[PDB]
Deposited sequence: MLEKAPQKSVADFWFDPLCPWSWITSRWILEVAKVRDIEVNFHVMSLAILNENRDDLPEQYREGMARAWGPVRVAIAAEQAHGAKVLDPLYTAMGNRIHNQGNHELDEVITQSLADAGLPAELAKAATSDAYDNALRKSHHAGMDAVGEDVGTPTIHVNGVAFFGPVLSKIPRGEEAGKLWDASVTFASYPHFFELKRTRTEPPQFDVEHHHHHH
């Protein structure tokens, strides 16, 4: 069956700001959105929850708190502010990252108190588990949902840009639209080449 993509495809992306691979794959999705007409929805997940390291709860608790009080629309700017500081600038002092990122995103500074409360953990677990695969397991990171189809990956070590980003998106939509596709990996295997 010649499968056809929906009118506007959808990327649903669960993130923990601490994961470098999710950072890269989320930036790829933002690059795709510049050259393809797609919906991008960010959602919070937790490396702490995946792997149950107590500092790991701070940023996702703050992110959940911000979304609950101001809507999912603040996740994209807060994620960018946090990831720029954790990954690009390598800041491991998560107290500073949280306070700076809230200010950068234009969010109330009192949201930082969420990092040390457990009051948002129920909501965080619900959001995390909503990124579930077809049989109800957590997906390692990075993960992405393409038109409702959950994938592990694409695992990217570098951010694809521009039309190259868009071509990878077209290929992802092709794989998501074929229900009997399950895996692809790059490999370093060659035949003998005589010319």
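- Residues of the deposited sequence lacking C-alpha coordinates, numbered from 1, fall in the stretches 53-64, 208-215.
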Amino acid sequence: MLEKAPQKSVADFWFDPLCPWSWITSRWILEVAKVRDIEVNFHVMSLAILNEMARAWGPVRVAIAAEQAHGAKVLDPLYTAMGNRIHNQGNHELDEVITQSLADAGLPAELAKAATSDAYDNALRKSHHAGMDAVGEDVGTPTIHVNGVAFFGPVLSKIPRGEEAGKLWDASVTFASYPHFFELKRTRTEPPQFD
From here on, numbers count along this sequence of modelled residues.
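- When the two stretches 62-70 and 146-154 are set side by side, the higher mean Cα temperature factor goes to 62-70.
- Stretches 125-133 and 163-171 differ in mean C-alpha B factor, with the higher average recorded for 125-133.
- Set against one another, the Cα B-factors of 54, 49, 38, 44 in the record reach their highest point at 54.
- Across the residues 105, 86, 75, 98, the deposited record lists the maximum Cα B factor for 105.
- Ranked by C-alpha B-factor against the other modelled residues of its chain, residue 193 falls in the middle third.
- When the CA B factors of the chain's modelled residues are split into thirds, the value for residue 29 lands in the lowest one.
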